[PDB]
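Comments concern the structure below.
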């Protein structure tokens, strides 16, 4: 199965500290926190239902997702460097139903 | 408009501490953490895009959502009593697009 | 009700990052930290009693409040561009008793 | 000069961590965050205009200030154990105009 | 490969709450805390190097491991029913070098 | 007796917080969490079988132990500034059988 | 040279938080605060002239120093396990002039 | 009775903050923290057994006690201006056995 990638308006955060708060995530986005679409940030659970270190956020456009990833990929949060990956909503929703993304 | 309530298999957490972690939310659910259906916990932003203190979680059934609310409603998390409300996925998704739930 | 606006010797900070401290605020003000009047800086709660991201500071004169706004408006603090608005003490005190400033 | 002390409806927090935020103060107060009066928390400057480590908050009653002090005095916040002292508004406003309290 | 099981003087804790501390583990064992053998408790990392929620403790005899498991298996720690499994030191050391126990 | 200290591929953490969890220790190590060699973190007990405040971790090489100690020695975790000391497996195993490690 | 140990009417506190106050120490001692003999608490500097976390207090008798150590040894102060060791005035004076005690 | 003052190689801090710490005292002394003699800082109790707000410290010389008092007397520490007096060890030991200066 190839999750569709035509519209990449989401970001995945990977490597979040176990102690990350919602404020830590919004401060890490900085000016990009106003470019979030919807009223939710998705904290991801792994295949055992446990904290993954991952989160997904839908942005207002693919270009805002691209610029957030450019600015924030490997940026510091609580002395960990957090990965930021531009992705599609299908990729996000595939992971939320238990899928594994191979694209990196 | 009132969102449908036929299938009440979700829970809303209200009054989370500002520094709540995903671990603190799963510990708060306790035995009901294994009854989460998807691989996501939704941290809710208000109409200014700021943290609301709410979260939504989809459960494996309406009975498990009822039992979680029965046990966890007004339980302590870091000295705040957190409310737990059994709700439908339509109510959750309405709030995630900016709606206000009048059922309480 | 529109609060008096004749003596604009205060500043409002808006859009402070979640991580903002009192040290961060004084460092952000730079040369204007010496123009602060009293021994307090007001951190503002919103209508629900939650953090707003706003602060108020009284300065020793309108001209120094003006200059703090002119030089610090939309300056960076920890990856947010913080708004700095010149205002009166009546405007500040109105907000501190739960009023809204319509003037921008 | 000894400021009036008959109505002790404020609390002084002393020894705040360098990284303290308004969210950290509200989480620290727990249930007592809802008993704050006004929409301000006062962060205190020392006589060289730098952070003192102190903050003052007015509460809705003298007994709620007593109860916040009883629960929170020397409670942990980050790397500090923060003192909480029940005091009057005259004691608070005396300190905010550069006064020293000689009561403990 | 089958790890030897002749001498089952260890216990595995599984499903520890995320807030569990070493003080919590010792308090949960109650009367059995004095039957711990060495000066160490092992907190287990999963196949990704991330927390598992498991721990291993070597006891002073198989009978004390059996009695500790009898008393403490599915006992409450901070709203989790924590699993307590009697096992051998070979089983414990096999898991610590990356092995998976098939015995439950 | 002095334990051998020729191969220094372990780290000792000293002065851990009372409330420390395994997730707090991994967050503290950050990038060096992937440099842990076995699947266990050893939490150390004193002669009364209560927590000593120490932990030991075997790393994949002496160079990774050195780098982790360089970065993390006296770094903050919760209420504490945790010491990180590069040591040998014999030093670690001497302490796990009740020895007092004099080298510092 | 080993300092004389015949009259053990002092206590050594060890593992204080470096931000420890005299009120912290008196409150920790509880009933034994009134068993202090001199009008002083001797806060100890380390070999670099920095805070050690140690203090010495001369008590009214060896009997009262023994009972203080029985009741207060490893009792909690601000999430530390504070050690209380019964010792002689010669041991105290030896440490104050830069000696190291080899009795524990 | 007046304790002797022939050798004034100590400092008395008076009017410490209620919650005075060793770290506050060393910071306040600035360069003079390295001119302390012995490994002790003496925090004083009043006649009720409670912290008095006084401390005594022996310095490496009378002139270093003079210089520490000159620099630090009425300097800020937290919310207080702390008094610093050059004094003798006899003054220190007199107060430690319950005397009033």
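Residue numbers (PDB author numbering), protein chains in the order written: chain C, 437 to 540; chain B, 437 to 540; chain D, 437 to 540; chain A, 437 to 540; chain F, 437 to 540; chain G, 437 to 540; chain H, 437 to 540; chain E, 437 to 537. Every residue, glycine too, gets a C-beta built ideally from N, C-alpha and C.
Checklist line | Reduced DSSP secondary structure (H/G/I, E/B, other) of residue 506 of chain D | finding: Looking at residue 506 of chain D - three-state DSSP - the assignment turns out to be helix.
Notebook entry, point to check: What residue from C:517, C:513, C:540 has the CA that sits closest to residue 457 of chain C's CA?
Noted result: C:513
Check: Shorter than 8 Å from the beta carbon of residue 514 of chain H to some beta carbon of chain A?
Finding: yes
Notebook entry, point to check: Any idea if residue 494 of chain C is buried or exposed, counting beta-carbon neighbours within 10 angstroms, 16 or more meaning buried?
Noted result: buried
Checklist line | Inter-residue spacing [alpha-carbon to alpha-carbon] between residue 470 of chain E and residue 485 of chain H | finding: 7 Å
Check: Given that residue 466 of chain A touches chain B, what residues does it touch there, using C-beta distances under 8 Å?
Finding: 514, 515, 516
Item checked: Contact with chain G by residue 491 of chain C, beta-carbon distance below 8 Å -> no
Next item on the list: Give every residue of the same chain whose Cβ lies closer than 6 Å to the Cβ of residue 535 of chain H, excluding the five residues on either side of it in the sequence, and list them in chain order.
Entry: Taking C-beta separations shorter than 6 Å and ignoring five residues to either side along the sequence, residue 535 of chain H has no partners in its chain.
Check: Can you name the start and end residues of the alpha helix (DSSP H) that residue 462 of chain C belongs to?
Finding: Boundaries of the alpha helix (DSSP H) harbouring residue 462 of chain C: 458-465, taken from the DSSP string.
Note to self: Tell me the residue span of the beta strand (DSSP E) that contains residue 491 of chain H.
What the structure shows: Unbroken beta strand (DSSP E) run through residue 491 of chain H: 487-494.
Margin query: Looking at residue 455 of chain B: is its Cβ nearer than 8 Å to the Cβ of residue 490 of chain A?
Written below: no
Check: residue 467 of chain B and residue 516 of chain F: beta carbons closer than 8 Å?
Finding: yes
Check: Listing by chain order, which chain C residues have their CB less than 7 Å from the CB of residue 478 of chain B?
Finding: 476, 478
Checklist line | Residues that residue 462 of chain C contacts on chain D, provided the C-beta gap is smaller than 7 Å | finding: Within chain D, the residues near residue 462 of chain C are 454.
Item checked: Where residue 480 of chain B falls: helix, strand or coil (DSSP) -> In this structure, residue 480 of chain B counts as strand in the three-state DSSP scheme.
Item checked: Simplified DSSP state of residue 443 of chain H, which is helix, strand or coil -> coil
Next item on the list: Reducing DSSP to helix, strand and coil, say where residue 452 of chain G ends up.
Entry: DSSP places residue 452 of chain G in coil when its eight states are reduced to three.
Next item on the list: Would you mind giving the Cβ-Cβ distance between residue 443 of chain D and residue 504 of chain D, rounded to the nearest angstrom? I have them listed as a contact below 8 Å.
Entry: Incorrect: roughly 15 Å between the Cβ atoms, too far for contact.
Check: Where does residue 513 of chain F sit, in a helix, a strand or coil, going by DSSP?
Finding: strand
Checklist line | Collapsed DSSP secondary structure at residue 531 of chain D in the structure displayed | finding: Residue state, collapsed to three classes: helix.
Next item on the list: Output yes or no for whether 8 Å exceeds the beta carbon distance between residue 477 of chain C and residue 528 of chain B.
Entry: no
Next item on the list: Check whether the Cβ of residue 527 of chain G lies closer than 8 Å to any Cβ atom in chain C.
Entry: no
Next item on the list: Let me know if residue 445 of chain D comes out buried or exposed under the rule of 16 or more other beta-carbons within 10 Å of its beta-carbon.
Entry: buried
Next item on the list: Ignore the nearest five residues each way along the sequence and tell me which others in residue 522 of chain G's own chain have a CB closer than 7 Å to its CB.
Entry: Only 444, 447, 501, 502, 505 meet the Cβ criterion.
Checklist line | Neighbourhood of residue 473 of chain E by C-beta distance below 7 Å, restricted to the same chain and skipping five residues each side | finding: Excluding residues within five positions, the ones whose Cβ falls inside 7 Å are 494, 495, 496.
Margin query: At the level of alpha carbons, what is the spacing between residue 540 of chain D and residue 510 of chain D?
Written below: If you draw a straight line from the Cα of residue 540 of chain D to the Cα of residue 510 of chain D, it is about 14 Å long.
Note to self: As a quick exercise: from E:519, E:461, E:520, pick the residue whose alpha carbon is nearest that of residue 487 of chain H.
What the structure shows: E:461
Note to self: So, at 8 Å on beta carbons, what are the nonlocal neighbours of residue 532 of chain D in its own chain, with the 5 sequence-adjacent residues on each side left out?
What the structure shows: 478, 480, 492
Check: Between residue 459 of chain A and chain E, is there a C-beta pair that is closer than 8 Å?
Finding: Closer than 8 Å to the CB of residue 459 of chain A there is not a single CB belonging to chain E.
Notebook entry, point to check: Does the beta-carbon of residue 452 of chain A have 16 or more other beta-carbons within 10 angstroms, so that it is buried, or is it exposed?
Noted result: In summary, residue 452 of chain A is buried, with 16 or more beta-carbon neighbours lying within 10 Å of its beta-carbon over all protein chains present.
Item checked: Proximal residues to residue 520 of chain H (C-beta, below 7 Å), its chain only, five neighbours per side dropped -> 447, 449, 504, 505, 508, 509
Notebook entry, point to check: Opposite residue 519 of chain H in the DSSP bridges: which residues?
Noted result: H:450
Notebook entry, point to check: What does a CB cutoff of less than 7 Å around residue 440 of chain F pick up in its chain, not counting 5 residues either side in sequence?
Noted result: Excluding positions up to five away in sequence, the list reads 524, 526.
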